[PDB]
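Next up: a single chain in structure tokens, the form deposited without this ligand.
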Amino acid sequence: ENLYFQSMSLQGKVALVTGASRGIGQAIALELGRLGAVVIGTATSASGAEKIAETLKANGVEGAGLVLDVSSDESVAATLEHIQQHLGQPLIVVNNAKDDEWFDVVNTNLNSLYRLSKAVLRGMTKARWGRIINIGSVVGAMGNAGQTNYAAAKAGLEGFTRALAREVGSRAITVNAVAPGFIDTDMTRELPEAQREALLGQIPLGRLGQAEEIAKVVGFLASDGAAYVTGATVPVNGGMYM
């Protein structure tokens, strides 16, 4: 009786989810796991990679926790070479991660997205199928410098994603992004209460978003039903736009 929904299944796909040790990234690893995919979650530290592997086992999800530093050509090549040998090619990839800091931050994020994306693309090109999904940063940054950073990264993410989607379309690989708003995370929990209350007041739905609410959007994008969606940045912010 629930059988129509088997077409949203990711049975037989392998998915790589960076920064999967907590919050949004973790909720995504579990959602893709639950949809049937084999899931490799990653972290910068060995302890995070352990936490991921534990978390996956505990939720009945085949896969692994690995260490990955997207700023390193070496770590990227190595991690992918490992995944292909032990688990399969990842055809679903989810990238999750002062006044003057904005430029270096955007420059670093996008050089990282490009490095990882380019590496997983050889596999997706051979398969003539792929899903690349870039997760933007959460709203909350304190003060003007934080607004500048957030807005810059969001503009860069959206133009990048659009462009890469044009570059890889003919190979039936989609490239999309998700732009969260005020989501309940460790980072937003550390905002002082006055600023949390002020952000809520600007959200039409009147609540913070849940990590799972980002993950579901990601899960849909990864499905065969989202196949004509590419180059898009989907905002998940309860109606609060900048």
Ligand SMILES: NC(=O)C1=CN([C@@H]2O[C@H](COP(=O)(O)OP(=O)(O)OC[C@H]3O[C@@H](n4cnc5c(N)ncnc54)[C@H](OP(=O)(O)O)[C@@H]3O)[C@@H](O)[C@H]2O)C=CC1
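All residue numbers refer to positions in the sequence shown, first residue = 1. The term rigid core refers to the maximal set of C-alpha atoms that superpose within 1.5 Å between the two forms.
Absent from the display: the form deposited with this ligand bound. The rest refers to it.
In summary, the binding site of this form is blocked: after superposition of the surrounding C-alphas, this ligand from its pose in the bound PDB entry has 3 or more atoms within 2.4 Å of backbone or C-beta atoms. Residue heavy atoms within 4.5 Å of this ligand in the bound PDB entry occur in exactly one stretch of 121 to 129, 77 to 85, 168 to 176, 136 to 144, and that stretch is 136 to 144. Here the marked residues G36, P90 and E213 all miss this ligand in the bound PDB entry; none has a heavy atom within 4.5 angstroms. This ligand in the bound PDB entry comes within 4.5 Å of a heavy atom belonging to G19.
Contact check for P180: a heavy atom falls within 4.5 Å of this ligand in the bound PDB entry. At a distance threshold of 4.5 angstroms between non-hydrogen atoms, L200 is out of contact with this ligand in the bound PDB entry. Using a 4.5 angstroms threshold between heavy atoms, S117 stays clear of this ligand in the bound PDB entry.
In the bound PDB entry, this ligand lies within 4.5 angstroms of at least one heavy atom of each of the following residues of 63 to 77: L68, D69, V70, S71, in sequence order.
After superposition on the rigid core, the C-alpha displacement between the shown form and the other one reaches 2 Å or more for just one residue among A151, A163, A127, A172, namely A151. Once the rigid core is used as the reference frame, the Cα position of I83 differs between the shown form and the other one by 2 Å or more. With the core held fixed, the Cα of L116 is displaced between the shown form and the other one by less than 2 Å. With the core held fixed between the shown form and the other one, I92 has its Cα displaced by under 2 Å. Pairwise change in the bound PDB entry: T55 and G140 C-alpha atoms lie farther apart than in the shown form, at least 3 Å. Between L208 and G140, the Cα spacing is larger in the bound PDB entry than in the shown form, differing by no less than 3 Å.
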